[PDB]
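Structure file start.cif (mmCIF, C-alpha atoms) follows.
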```
data_data
loop_
_atom_site.group_PDB
_atom_site.id
_atom_site.type_symbol
_atom_site.label_atom_id
_atom_site.label_comp_id
_atom_site.auth_asym_id
_atom_site.auth_seq_id
_atom_site.Cartn_x
_atom_site.Cartn_y
_atom_site.Cartn_z
ATOM 1 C CA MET A 1 -91.532 55.392 120.383
ATOM 2 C CA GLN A 2 -88.471 54.554 122.450
ATOM 3 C CA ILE A 3 -85.383 56.726 122.308
ATOM 4 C CA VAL A 4 -82.503 54.403 123.149
ATOM 5 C CA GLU A 5 -79.866 57.106 122.867
ATOM 6 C CA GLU A 6 -78.708 60.282 121.127
ATOM 7 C CA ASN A 7 -75.448 62.200 120.770
ATOM 8 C CA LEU A 8 -76.661 65.311 118.983
ATOM 9 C CA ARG A 9 -74.173 68.158 118.842
ATOM 10 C CA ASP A 10 -75.393 71.380 117.247
ATOM 11 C CA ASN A 11 -78.575 69.520 116.250
ATOM 12 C CA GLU A 12 -76.544 67.023 114.227
ATOM 13 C CA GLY A 13 -75.734 63.488 115.269
ATOM 14 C CA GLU A 14 -77.228 60.055 115.771
ATOM 15 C CA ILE A 15 -80.509 59.114 117.404
ATOM 16 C CA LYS A 16 -81.109 55.438 118.108
ATOM 17 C CA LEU A 17 -84.801 54.633 118.545
ATOM 18 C CA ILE A 18 -87.550 52.028 118.313
ATOM 19 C CA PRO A 19 -91.020 52.578 116.793
ATOM 20 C CA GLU A 20 -93.706 50.880 118.910
ATOM 21 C CA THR A 21 -96.790 51.818 116.901
ATOM 22 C CA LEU A 22 -97.942 52.304 113.335
ATOM 23 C CA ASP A 23 -98.065 56.027 114.246
ATOM 24 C CA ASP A 24 -94.347 55.877 114.994
ATOM 25 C CA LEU A 25 -93.571 53.912 111.848
ATOM 26 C CA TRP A 26 -95.580 56.413 109.811
ATOM 27 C CA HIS A 27 -93.691 59.379 111.301
ATOM 28 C CA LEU A 28 -90.258 57.800 110.846
ATOM 29 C CA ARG A 29 -91.027 57.432 107.127
ATOM 30 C CA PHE A 30 -91.127 61.217 106.799
ATOM 31 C CA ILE A 31 -88.405 61.820 109.386
ATOM 32 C CA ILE A 32 -85.858 59.639 107.564
ATOM 33 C CA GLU A 33 -84.778 61.416 104.387
ATOM 34 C CA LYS A 34 -82.793 60.734 101.238
ATOM 35 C CA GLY A 35 -79.296 61.737 102.232
ATOM 36 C CA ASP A 36 -79.413 60.635 105.858
ATOM 37 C CA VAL A 37 -77.649 57.574 107.212
ATOM 38 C CA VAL A 38 -79.557 54.696 108.791
ATOM 39 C CA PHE A 39 -78.140 51.798 110.827
ATOM 40 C CA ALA A 40 -80.131 48.623 111.480
ATOM 41 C CA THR A 41 -79.499 44.892 111.764
ATOM 42 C CA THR A 42 -80.289 42.951 108.602
ATOM 43 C CA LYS A 43 -79.155 40.092 106.839
ATOM 44 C CA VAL A 59 -76.473 35.860 111.274
ATOM 45 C CA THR A 60 -77.602 39.474 110.996
ATOM 46 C CA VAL A 61 -74.835 42.135 110.740
ATOM 47 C CA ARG A 62 -76.155 45.695 111.257
ATOM 48 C CA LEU A 63 -75.202 47.839 108.283
ATOM 49 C CA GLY A 64 -75.373 51.538 107.649
ATOM 50 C CA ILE A 65 -76.742 52.987 104.434
ATOM 51 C CA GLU A 66 -76.893 56.455 102.905
ATOM 52 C CA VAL A 67 -80.624 56.530 102.188
ATOM 53 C CA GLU A 68 -81.452 56.920 98.501
ATOM 54 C CA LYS A 69 -85.128 55.949 98.847
ATOM 55 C CA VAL A 70 -87.754 55.639 101.593
ATOM 56 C CA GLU A 71 -91.150 54.059 101.077
ATOM 57 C CA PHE A 72 -93.940 52.059 102.695
ATOM 58 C CA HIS A 73 -94.411 48.422 101.723
ATOM 59 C CA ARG A 74 -97.616 47.649 99.837
ATOM 60 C CA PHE A 75 -98.708 44.463 101.547
ATOM 61 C CA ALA A 76 -97.566 44.953 105.130
ATOM 62 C CA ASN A 77 -96.801 47.554 107.764
ATOM 63 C CA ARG A 78 -93.102 47.902 106.926
ATOM 64 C CA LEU A 79 -90.928 50.851 105.947
ATOM 65 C CA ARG A 80 -88.433 50.101 103.174
ATOM 66 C CA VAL A 81 -85.223 52.111 103.463
ATOM 67 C CA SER A 82 -82.629 51.598 100.752
ATOM 68 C CA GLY A 83 -79.316 53.171 99.830
ATOM 69 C CA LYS A 84 -75.578 52.793 99.265
ATOM 70 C CA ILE A 85 -73.892 50.853 102.076
ATOM 71 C CA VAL A 86 -71.603 53.211 103.971
ATOM 72 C CA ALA A 87 -70.550 51.407 107.130
ATOM 73 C CA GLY A 88 -70.860 48.000 108.746
ATOM 74 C CA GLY A 93 -72.452 47.870 97.619
ATOM 75 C CA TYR A 94 -76.122 48.665 98.149
ATOM 76 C CA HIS A 95 -78.595 47.339 100.697
ATOM 77 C CA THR A 96 -82.157 47.656 102.008
ATOM 78 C CA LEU A 97 -83.247 48.039 105.624
ATOM 79 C CA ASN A 98 -86.859 47.067 106.411
ATOM 80 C CA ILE A 99 -88.220 48.853 109.479
ATOM 81 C CA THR A 100 -91.134 47.354 111.415
ATOM 82 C CA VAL A 101 -92.622 48.132 114.851
ATOM 83 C CA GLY A 102 -90.413 46.971 117.701
ATOM 84 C CA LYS A 103 -87.233 47.073 115.623
ATOM 85 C CA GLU A 104 -84.323 49.281 116.552
ATOM 86 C CA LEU A 105 -82.662 51.659 114.121
ATOM 87 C CA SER A 106 -80.283 54.626 114.217
ATOM 88 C CA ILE A 107 -80.796 57.771 112.169
ATOM 89 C CA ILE A 108 -77.764 60.017 111.701
ATOM 90 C CA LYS A 109 -78.317 63.448 110.153
ATOM 91 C CA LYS A 110 -78.628 67.140 110.859
ATOM 92 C CA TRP A 111 -81.985 67.418 112.615
ATOM 93 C CA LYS A 112 -84.613 70.065 111.911
ATOM 94 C CA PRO A 113 -86.751 71.343 114.807
ATOM 95 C CA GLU A 114 -89.942 69.859 113.286
ATOM 96 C CA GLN A 115 -88.555 66.320 113.435
ATOM 97 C CA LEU A 116 -87.128 66.751 116.909
ATOM 98 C CA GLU A 117 -90.527 68.063 117.980
ATOM 99 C CA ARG A 118 -92.380 65.150 116.420
ATOM 100 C CA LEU A 119 -90.020 62.802 118.218
ATOM 101 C CA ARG A 120 -90.815 64.401 121.570
ATOM 102 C CA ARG A 121 -94.531 64.085 120.846
ATOM 103 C CA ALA A 122 -94.074 60.483 119.745
ATOM 104 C CA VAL A 123 -92.475 59.925 123.149
ATOM 105 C CA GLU A 124 -95.177 61.923 124.927
ATOM 106 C CA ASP A 125 -97.494 59.360 123.279
ATOM 107 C CA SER A 126 -95.869 56.149 124.499
ATOM 108 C CA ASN A 127 -95.704 57.071 128.197
ATOM 109 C CA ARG A 128 -95.268 54.033 130.434
ATOM 110 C CA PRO A 129 -97.665 53.588 133.378
ATOM 111 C CA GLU A 130 -96.293 53.137 136.885
ATOM 112 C CA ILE A 131 -95.326 49.456 136.885
ATOM 113 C CA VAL A 132 -94.712 47.295 139.960
ATOM 114 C CA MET A 133 -93.051 43.894 139.878
ATOM 115 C CA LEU A 134 -93.629 41.289 142.581
ATOM 116 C CA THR A 135 -91.696 38.044 142.832
ATOM 117 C CA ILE A 136 -93.261 35.623 145.292
ATOM 118 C CA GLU A 137 -92.680 32.125 146.611
ATOM 119 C CA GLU A 138 -93.867 30.332 149.756
ATOM 120 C CA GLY A 139 -93.330 32.639 152.719
ATOM 121 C CA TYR A 140 -91.317 35.246 150.816
ATOM 122 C CA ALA A 141 -91.947 38.226 148.549
ATOM 123 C CA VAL A 142 -90.067 41.181 147.086
ATOM 124 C CA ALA A 143 -91.466 44.051 145.070
ATOM 125 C CA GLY A 144 -89.843 46.744 143.007
ATOM 126 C CA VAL A 145 -91.059 49.583 140.836
ATOM 127 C CA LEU A 146 -89.758 50.353 137.366
ATOM 128 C CA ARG A 147 -87.552 53.420 137.038
ATOM 129 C CA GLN A 148 -85.211 54.757 134.356
ATOM 130 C CA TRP A 149 -82.203 52.839 135.723
ATOM 131 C CA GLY A 150 -84.074 49.580 136.293
ATOM 132 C CA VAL A 151 -86.248 47.905 138.921
ATOM 133 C CA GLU A 152 -86.075 49.619 142.319
ATOM 134 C CA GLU A 153 -87.074 47.395 145.263
ATOM 135 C CA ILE A 154 -89.938 48.875 147.331
ATOM 136 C CA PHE A 155 -90.545 46.224 149.987
ATOM 137 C CA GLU A 156 -90.061 42.690 151.274
ATOM 138 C CA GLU A 157 -92.180 40.279 153.286
ATOM 139 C CA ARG A 158 -91.424 36.909 154.843
ATOM 140 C CA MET A 159 -93.758 34.164 156.053
ATOM 141 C CA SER A 168 -102.655 26.128 157.295
ATOM 142 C CA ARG A 169 -103.184 29.901 157.461
ATOM 143 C CA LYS A 170 -100.697 32.038 155.504
ATOM 144 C CA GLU A 171 -102.138 35.545 155.496
ATOM 145 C CA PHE A 172 -98.682 36.353 154.213
ATOM 146 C CA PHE A 173 -100.672 37.354 151.123
ATOM 147 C CA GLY A 174 -102.864 39.869 152.901
ATOM 148 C CA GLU A 175 -99.773 41.657 154.202
ATOM 149 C CA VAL A 176 -98.150 41.759 150.762
ATOM 150 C CA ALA A 177 -101.363 42.971 149.166
ATOM 151 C CA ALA A 178 -101.759 45.743 151.752
ATOM 152 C CA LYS A 179 -98.404 47.149 151.046
ATOM 153 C CA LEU A 180 -98.700 46.823 147.312
ATOM 154 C CA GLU A 181 -101.996 48.766 147.767
ATOM 155 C CA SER A 182 -100.257 51.565 149.659
ATOM 156 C CA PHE A 183 -97.393 52.053 147.165
ATOM 157 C CA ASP A 184 -99.704 53.255 144.365
ATOM 158 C CA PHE A 185 -99.204 51.983 140.814
ATOM 159 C CA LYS A 186 -101.387 50.842 137.929
ATOM 160 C CA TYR A 187 -99.989 47.557 136.638
ATOM 161 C CA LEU A 188 -98.623 44.619 138.570
ATOM 162 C CA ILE A 189 -96.371 41.884 137.228
ATOM 163 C CA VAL A 190 -96.558 38.832 139.497
ATOM 164 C CA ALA A 191 -93.803 36.253 139.007
ATOM 165 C CA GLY A 192 -92.072 33.543 141.012
ATOM 166 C CA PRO A 193 -91.514 29.773 141.386
ATOM 167 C CA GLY A 194 -94.438 27.395 141.562
ATOM 168 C CA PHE A 195 -97.925 28.461 142.340
ATOM 169 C CA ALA A 196 -97.515 30.980 145.023
ATOM 170 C CA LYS A 197 -97.912 33.723 142.379
ATOM 171 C CA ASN A 198 -101.018 32.032 141.053
ATOM 172 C CA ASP A 199 -102.802 31.667 144.393
ATOM 173 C CA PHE A 200 -101.781 35.245 145.221
ATOM 174 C CA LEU A 201 -103.547 36.611 142.139
ATOM 175 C CA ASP A 202 -106.673 34.653 143.096
ATOM 176 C CA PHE A 203 -106.291 36.214 146.541
ATOM 177 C CA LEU A 204 -106.265 39.604 144.819
ATOM 178 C CA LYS A 205 -109.169 38.735 142.543
ATOM 179 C CA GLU A 206 -111.204 38.180 145.711
ATOM 180 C CA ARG A 207 -109.847 40.723 148.198
ATOM 181 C CA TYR A 208 -108.581 43.412 145.810
ATOM 182 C CA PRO A 209 -110.577 43.300 142.521
ATOM 183 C CA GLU A 210 -109.333 46.691 141.335
ATOM 184 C CA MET A 211 -105.688 45.745 141.733
ATOM 185 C CA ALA A 212 -106.248 42.288 140.253
ATOM 186 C CA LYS A 213 -107.808 43.699 137.072
ATOM 187 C CA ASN A 214 -104.437 45.193 136.174
ATOM 188 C CA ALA A 215 -102.240 42.340 137.384
ATOM 189 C CA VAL A 216 -100.632 39.564 135.334
ATOM 190 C CA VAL A 217 -98.816 36.367 136.304
ATOM 191 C CA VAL A 218 -95.707 35.585 134.249
ATOM 192 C CA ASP A 219 -93.899 32.255 133.847
ATOM 193 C CA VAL A 220 -90.621 33.632 135.259
ATOM 194 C CA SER A 221 -89.339 31.443 138.100
ATOM 195 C CA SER A 222 -86.500 33.625 139.365
ATOM 196 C CA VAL A 223 -87.035 35.758 142.460
ATOM 197 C CA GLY A 224 -85.910 39.186 143.659
ATOM 198 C CA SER A 225 -83.131 40.835 141.634
ATOM 199 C CA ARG A 226 -82.768 37.804 139.370
ATOM 200 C CA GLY A 227 -86.500 37.805 138.708
ATOM 201 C CA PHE A 228 -86.851 41.483 137.855
ATOM 202 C CA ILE A 229 -84.007 41.084 135.373
ATOM 203 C CA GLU A 230 -85.724 38.131 133.743
ATOM 204 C CA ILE A 231 -89.033 39.983 133.679
ATOM 205 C CA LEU A 232 -87.371 42.807 131.736
ATOM 206 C CA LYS A 233 -85.788 40.281 129.391
ATOM 207 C CA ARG A 234 -89.167 38.719 128.549
ATOM 208 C CA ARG A 235 -90.443 42.135 127.346
ATOM 209 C CA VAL A 236 -93.467 41.791 129.647
ATOM 210 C CA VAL A 237 -93.485 45.569 130.073
ATOM 211 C CA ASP A 238 -93.564 45.966 126.294
ATOM 212 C CA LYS A 239 -96.741 43.899 126.225
ATOM 213 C CA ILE A 240 -98.290 46.051 128.955
ATOM 214 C CA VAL A 241 -97.578 49.174 126.899
ATOM 215 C CA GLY A 242 -99.055 47.414 123.905
ATOM 216 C CA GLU A 243 -102.295 46.868 125.800
ATOM 217 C CA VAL A 244 -102.377 50.447 127.086
ATOM 218 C CA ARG A 245 -102.191 51.594 123.456
ATOM 219 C CA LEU A 246 -104.953 49.292 122.256
ATOM 220 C CA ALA A 247 -107.004 50.504 125.213
ATOM 221 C CA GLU A 248 -106.659 54.100 123.962
ATOM 222 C CA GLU A 249 -107.737 53.098 120.449
ATOM 223 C CA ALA A 250 -110.873 51.440 121.800
ATOM 224 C CA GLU A 251 -111.521 54.681 123.686
ATOM 225 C CA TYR A 252 -111.260 56.620 120.446
ATOM 226 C CA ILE A 253 -113.709 54.197 118.862
ATOM 227 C CA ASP A 254 -116.088 54.763 121.782
ATOM 228 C CA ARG A 255 -115.891 58.529 121.439
ATOM 229 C CA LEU A 256 -116.559 58.231 117.701
ATOM 230 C CA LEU A 257 -119.530 56.005 118.521
ATOM 231 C CA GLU A 258 -121.001 58.311 121.193
ATOM 232 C CA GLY A 259 -120.544 61.128 118.715
ATOM 233 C CA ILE A 260 -122.385 59.112 116.083
ATOM 234 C CA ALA A 261 -125.080 58.443 118.676
ATOM 235 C CA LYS A 262 -125.453 62.094 119.657
ATOM 236 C CA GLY A 263 -124.876 62.965 116.007
ATOM 237 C CA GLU A 264 -122.280 65.464 117.218
ATOM 238 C CA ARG A 265 -118.812 66.490 115.988
ATOM 239 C CA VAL A 266 -117.864 63.375 114.028
ATOM 240 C CA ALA A 267 -117.207 62.236 110.492
ATOM 241 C CA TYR A 268 -116.650 58.759 109.108
ATOM 242 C CA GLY A 269 -116.016 57.535 105.602
ATOM 243 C CA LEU A 270 -113.458 59.205 103.358
ATOM 244 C CA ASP A 271 -115.969 61.607 101.806
ATOM 245 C CA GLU A 272 -117.250 62.894 105.130
ATOM 246 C CA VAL A 273 -113.689 63.209 106.479
ATOM 247 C CA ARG A 274 -112.531 65.085 103.406
ATOM 248 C CA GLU A 275 -115.528 67.396 103.810
ATOM 249 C CA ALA A 276 -114.621 68.094 107.423
ATOM 250 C CA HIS A 277 -110.963 68.517 106.480
ATOM 251 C CA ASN A 278 -111.906 71.227 103.989
ATOM 252 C CA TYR A 279 -112.717 73.342 107.032
ATOM 253 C CA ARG A 280 -109.795 71.972 109.055
ATOM 254 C CA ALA A 281 -112.317 70.734 111.619
ATOM 255 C CA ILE A 282 -110.302 67.618 112.398
ATOM 256 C CA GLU A 283 -109.081 67.396 115.968
ATOM 257 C CA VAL A 284 -108.378 63.679 115.861
ATOM 258 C CA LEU A 285 -108.094 61.675 112.639
ATOM 259 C CA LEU A 286 -108.641 57.928 113.117
ATOM 260 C CA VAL A 287 -107.475 55.563 110.355
ATOM 261 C CA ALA A 288 -107.229 51.815 109.754
ATOM 262 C CA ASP A 289 -103.901 50.499 108.497
ATOM 263 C CA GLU A 290 -105.646 48.580 105.708
ATOM 264 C CA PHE A 291 -107.220 51.821 104.552
ATOM 265 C CA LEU A 292 -103.873 53.528 104.133
ATOM 266 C CA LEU A 293 -102.501 50.599 102.145
ATOM 267 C CA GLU A 294 -105.440 50.501 99.722
ATOM 268 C CA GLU A 295 -105.707 54.273 99.316
ATOM 269 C CA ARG A 296 -102.008 55.047 98.926
ATOM 270 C CA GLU A 297 -102.331 53.119 95.648
ATOM 271 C CA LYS A 298 -104.868 55.633 94.331
ATOM 272 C CA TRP A 299 -103.853 58.978 95.837
ATOM 273 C CA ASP A 300 -101.513 60.734 98.278
ATOM 274 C CA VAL A 301 -103.519 59.612 101.308
ATOM 275 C CA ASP A 302 -100.551 60.507 103.515
ATOM 276 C CA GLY A 303 -100.962 64.151 102.491
ATOM 277 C CA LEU A 304 -104.285 64.210 104.299
ATOM 278 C CA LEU A 305 -102.530 62.991 107.439
ATOM 279 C CA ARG A 306 -99.720 65.570 107.145
ATOM 280 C CA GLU A 307 -102.318 68.307 106.659
ATOM 281 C CA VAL A 308 -104.312 67.266 109.712
ATOM 282 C CA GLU A 309 -101.208 67.484 111.894
ATOM 283 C CA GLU A 310 -99.985 70.678 110.238
ATOM 284 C CA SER A 311 -103.274 72.062 111.512
ATOM 285 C CA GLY A 312 -102.774 70.873 115.072
ATOM 286 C CA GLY A 313 -104.679 67.643 114.558
ATOM 287 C CA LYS A 314 -103.647 64.245 115.883
ATOM 288 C CA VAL A 315 -103.389 61.136 113.718
ATOM 289 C CA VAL A 316 -104.178 57.686 115.117
ATOM 290 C CA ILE A 317 -103.365 54.678 112.938
ATOM 291 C CA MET A 318 -105.016 51.495 114.188
ATOM 292 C CA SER A 319 -104.038 48.038 113.005
ATOM 293 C CA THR A 320 -106.863 45.883 111.692
ATOM 294 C CA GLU A 321 -104.996 43.045 113.443
ATOM 295 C CA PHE A 322 -106.842 44.067 116.604
ATOM 296 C CA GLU A 323 -110.450 44.921 117.443
ATOM 297 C CA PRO A 324 -110.310 48.740 117.373
ATOM 298 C CA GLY A 325 -109.122 48.832 113.763
ATOM 299 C CA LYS A 326 -111.626 46.186 112.691
ATOM 300 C CA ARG A 327 -114.465 48.304 114.083
ATOM 301 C CA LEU A 328 -113.013 51.365 112.366
ATOM 302 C CA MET A 329 -113.004 49.512 109.017
ATOM 303 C CA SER A 330 -116.646 48.626 109.503
ATOM 304 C CA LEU A 331 -117.300 52.385 109.559
ATOM 305 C CA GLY A 332 -115.392 53.098 106.358
ATOM 306 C CA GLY A 333 -111.764 52.681 107.402
ATOM 307 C CA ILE A 334 -111.353 56.334 108.305
ATOM 308 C CA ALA A 335 -113.144 58.660 110.717
ATOM 309 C CA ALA A 336 -112.544 61.855 112.671
ATOM 310 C CA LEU A 337 -113.440 63.562 115.928
ATOM 311 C CA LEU A 338 -114.316 67.182 115.020
ATOM 312 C CA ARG A 339 -113.751 70.610 116.594
ATOM 313 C CA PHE A 340 -117.191 71.646 115.366
ATOM 314 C CA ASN A 341 -120.013 70.385 113.154
ATOM 315 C CA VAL A 342 -119.705 70.856 109.398
ATOM 316 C CA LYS A 343 -122.844 69.273 107.968
ATOM 317 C CA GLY A 344 -124.532 72.676 108.028
#
```
Take the structure I supplied and represent it as structure tokens, if you would.
Amino acid sequence: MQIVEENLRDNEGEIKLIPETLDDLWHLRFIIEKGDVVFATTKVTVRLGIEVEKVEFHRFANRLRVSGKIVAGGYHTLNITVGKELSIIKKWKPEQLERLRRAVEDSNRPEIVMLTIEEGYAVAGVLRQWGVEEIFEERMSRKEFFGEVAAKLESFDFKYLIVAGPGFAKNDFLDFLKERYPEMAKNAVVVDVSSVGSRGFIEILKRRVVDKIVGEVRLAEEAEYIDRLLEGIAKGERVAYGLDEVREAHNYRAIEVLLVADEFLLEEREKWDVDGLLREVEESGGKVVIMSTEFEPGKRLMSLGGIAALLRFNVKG
């Protein structure tokens, strides 16, 4: 969840944000209410504003359908999907503002370092709120220019490295890291960007490379939830999987973390208020994690029944 901007005055105003996960999309669906005003580009798009008269999930895709009477920018429908920007204008209740903070405290960005390199020259910067902030430079048979660059990247301390630049210097550098610095190389990626220095960092940001990194960090957390569920299944300790088991555990509000496959929600919402389960888990301090069957974590989850939970205590007894 990205919060592009807000101008709240006395808890009322506009908040412009971007959902980055199905979790986000799911929360926005209950945040946006009939009566509010939503701005989004639609269609040469045009970005309209509508006084929401209905909010609902699509049936055959992860999309939030928001419809109402055009107000700014007749009637129109805005379809919200992950990665799309939208502005919600209303009087905000503390619950929603809280959920938004949590959503944000869920999409934290790792310390990212960008390195543009070309024969005999390199410049690195770290990502900060205002943009890329240069951290060092290095200028040029035996090069060993690489070793010097690598040593200072290693001393700056970060988790992900974006390596860009003209030609193959960037490529050979990564190989250099794969051999001399395996731990740094495992979290480094080479992008097609040719620019260098300031120009380069700007292009990197334009290509949404960072957005992809975040995307991987999220999928990595889902796999970790699948591993915990598995270890729990192995130890036969504090876990439930399958709707029946989960409902049983929920009866005692033993759900710490509810894991659910997007396909599951779609199929179930047709038969019962599956979303009520999710609201109830959270209302009880539980966390909801919606995984997309488009990736591996959600596929595994489906294999186990499409829905599982990490418990606060056993309940089989």
Please report the interatomic distance between CA of residue 193 in chain A and CA of residue 128 in chain A in Å with one decimal.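 Distance reported for this atom pair: 26.9 Å.
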Might I get the box with edges along x, y and z of the file that holds all atoms of range 180-199 of chain A listed there, padded by 3 Å on every side, given as centre and edge lengths in Å to one decimal, as JSON?
```
{"center_x": -97.2, "center_y": 40.3, "center_z": 143.1, "size_x": 17.3, "size_y": 31.9, "size_z": 19.0}
```
For this file, the PyMOL selection byres ((chain A and resi 159-183) around 12) selects which residues, as JSON, numbers by chain? {"A": [130, 131, 132, 133, 134, 135, 136, 137, 138, 139, 140, 141, 142, 143, 144, 145, 153, 154, 155, 156, 157, 158, 184, 185, 186, 187, 188, 189, 190, 196, 197, 198, 199, 200, 201, 202, 203, 204, 205, 206, 207, 208, 209, 210, 211, 212, 215]}
List every residue of range 109-141 of chain A that has an atom at most 12 Å from any atom of range 303-322 of chain A, and for each one report the closest atom pair and its distance in Å to one decimal, counting only C-alpha atoms, with rows sorted by chain and then by increasing residue number, as CSV.
```
residue,atom,partner,partner_atom,distance
A:114,CA,A:310,CA,10.5
A:118,CA,A:309,CA,10.2
A:121,CA,A:314,CA,10.4
A:122,CA,A:314,CA,11.0
A:125,CA,A:316,CA,10.7
```
Calculated over only C-alpha atoms, which of the candidates A:291, A:228, A:111, A:94 has the smallest distance to residue 152 in chain A? A:228
By how many Å are CA of residue 297 in chain A and CA of residue 101 in chain A apart? 22.1 Å
Report as a PDB file with C-alpha atoms, in the coordinates of the input the full result of the PyMOL selection byres ((chain A and resi 292) around 12) when it is applied to this structure.
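Once written, selection-v2.pdb looks like this:
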```pdb
ATOM      1  CA  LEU A  22     -97.942  52.304 113.335  1.00  0.00           C
ATOM      2  CA  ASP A  23     -98.065  56.027 114.246  1.00  0.00           C
ATOM      3  CA  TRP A  26     -95.580  56.413 109.811  1.00  0.00           C
ATOM      4  CA  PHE A  72     -93.940  52.059 102.695  1.00  0.00           C
ATOM      5  CA  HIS A  73     -94.411  48.422 101.723  1.00  0.00           C
ATOM      6  CA  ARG A  74     -97.616  47.649  99.837  1.00  0.00           C
ATOM      7  CA  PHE A  75     -98.708  44.463 101.547  1.00  0.00           C
ATOM      8  CA  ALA A  76     -97.566  44.953 105.130  1.00  0.00           C
ATOM      9  CA  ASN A  77     -96.801  47.554 107.764  1.00  0.00           C
ATOM     10  CA  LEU A 270    -113.458  59.205 103.358  1.00  0.00           C
ATOM     11  CA  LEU A 286    -108.641  57.928 113.117  1.00  0.00           C
ATOM     12  CA  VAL A 287    -107.475  55.563 110.355  1.00  0.00           C
ATOM     13  CA  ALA A 288    -107.229  51.815 109.754  1.00  0.00           C
ATOM     14  CA  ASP A 289    -103.901  50.499 108.497  1.00  0.00           C
ATOM     15  CA  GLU A 290    -105.646  48.580 105.708  1.00  0.00           C
ATOM     16  CA  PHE A 291    -107.220  51.821 104.552  1.00  0.00           C
ATOM     17  CA  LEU A 293    -102.501  50.599 102.145  1.00  0.00           C
ATOM     18  CA  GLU A 294    -105.440  50.501  99.722  1.00  0.00           C
ATOM     19  CA  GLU A 295    -105.707  54.273  99.316  1.00  0.00           C
ATOM     20  CA  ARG A 296    -102.008  55.047  98.926  1.00  0.00           C
ATOM     21  CA  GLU A 297    -102.331  53.119  95.648  1.00  0.00           C
ATOM     22  CA  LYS A 298    -104.868  55.633  94.331  1.00  0.00           C
ATOM     23  CA  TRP A 299    -103.853  58.978  95.837  1.00  0.00           C
ATOM     24  CA  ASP A 300    -101.513  60.734  98.278  1.00  0.00           C
ATOM     25  CA  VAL A 301    -103.519  59.612 101.308  1.00  0.00           C
ATOM     26  CA  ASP A 302    -100.551  60.507 103.515  1.00  0.00           C
ATOM     27  CA  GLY A 303    -100.962  64.151 102.491  1.00  0.00           C
ATOM     28  CA  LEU A 304    -104.285  64.210 104.299  1.00  0.00           C
ATOM     29  CA  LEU A 305    -102.530  62.991 107.439  1.00  0.00           C
ATOM     30  CA  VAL A 316    -104.178  57.686 115.117  1.00  0.00           C
ATOM     31  CA  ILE A 317    -103.365  54.678 112.938  1.00  0.00           C
ATOM     32  CA  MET A 318    -105.016  51.495 114.188  1.00  0.00           C
ATOM     33  CA  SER A 319    -104.038  48.038 113.005  1.00  0.00           C
ATOM     34  CA  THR A 320    -106.863  45.883 111.692  1.00  0.00           C
ATOM     35  CA  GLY A 325    -109.122  48.832 113.763  1.00  0.00           C
ATOM     36  CA  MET A 329    -113.004  49.512 109.017  1.00  0.00           C
ATOM     37  CA  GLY A 332    -115.392  53.098 106.358  1.00  0.00           C
ATOM     38  CA  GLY A 333    -111.764  52.681 107.402  1.00  0.00           C
ATOM     39  CA  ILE A 334    -111.353  56.334 108.305  1.00  0.00           C
TER      40      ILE A 334
END
```
Could you tell me, as a PyMOL selection string, which residues have any atom at most 8 Å from (-87.6, 37.4, 138.6), counting all atoms listed in the file? chain A and resi 135+191-192+220-231
Take the point (-91.7, 53.5, 111.6) as written in the file and pick out every residue within 7 Å of it, counting only C-alpha atoms; give the list as a list in words. residues 19, 22, 24, 25, 26, 27, 28, 29, 79, 99, 100 and 101 of chain A
Once the PyMOL selection byres ((chain A and resi 38) around 8) has been evaluated on this model, what residues remain selected, and can you format them as an NGL selection string? :A and (36-37 or 39-40 or 64-67 or 105-108)
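The smallest atom-to-atom distance between residue 33 in chain A and any of A:83, A:60, A:9, A:258, using only C-alpha atoms, is found for A:83.
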Quick check, in Å to one decimal: how far apart do CA of residue 251 in chain A and CA of residue 268 in chain A lie? 16.0 Å
My structure is short of atoms at range 123-130 of chain A; please model N, CA and C atoms there, returning them as a PDB file, in the frame of the given file.
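Final output, saved to selection.pdb:
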```pdb
ATOM      1  N   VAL A 123     -92.837  60.406 121.821  1.00  0.00           N
ATOM      2  CA  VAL A 123     -92.475  59.925 123.149  1.00  0.00           C
ATOM      3  C   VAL A 123     -93.572  60.275 124.145  1.00  0.00           C
ATOM      4  N   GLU A 124     -94.098  61.494 124.045  1.00  0.00           N
ATOM      5  CA  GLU A 124     -95.177  61.923 124.927  1.00  0.00           C
ATOM      6  C   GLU A 124     -96.459  61.183 124.568  1.00  0.00           C
ATOM      7  N   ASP A 125     -96.348  60.170 123.707  1.00  0.00           N
ATOM      8  CA  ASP A 125     -97.494  59.360 123.279  1.00  0.00           C
ATOM      9  C   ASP A 125     -97.374  57.918 123.774  1.00  0.00           C
ATOM     10  N   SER A 126     -96.146  57.501 124.040  1.00  0.00           N
ATOM     11  CA  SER A 126     -95.869  56.149 124.499  1.00  0.00           C
ATOM     12  C   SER A 126     -95.488  56.079 125.978  1.00  0.00           C
ATOM     13  N   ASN A 127     -95.989  57.029 126.767  1.00  0.00           N
ATOM     14  CA  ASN A 127     -95.704  57.071 128.197  1.00  0.00           C
ATOM     15  C   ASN A 127     -96.035  55.742 128.864  1.00  0.00           C
ATOM     16  N   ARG A 128     -95.120  55.288 129.716  1.00  0.00           N
ATOM     17  CA  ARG A 128     -95.268  54.033 130.434  1.00  0.00           C
ATOM     18  C   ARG A 128     -95.961  54.292 131.762  1.00  0.00           C
ATOM     19  N   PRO A 129     -96.927  53.443 132.123  1.00  0.00           N
ATOM     20  CA  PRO A 129     -97.665  53.588 133.378  1.00  0.00           C
ATOM     21  C   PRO A 129     -96.779  53.125 134.527  1.00  0.00           C
ATOM     22  N   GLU A 130     -97.085  53.556 135.740  1.00  0.00           N
ATOM     23  CA  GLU A 130     -96.293  53.137 136.885  1.00  0.00           C
ATOM     24  C   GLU A 130     -96.440  51.624 137.008  1.00  0.00           C
TER      25      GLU A 130
END
```
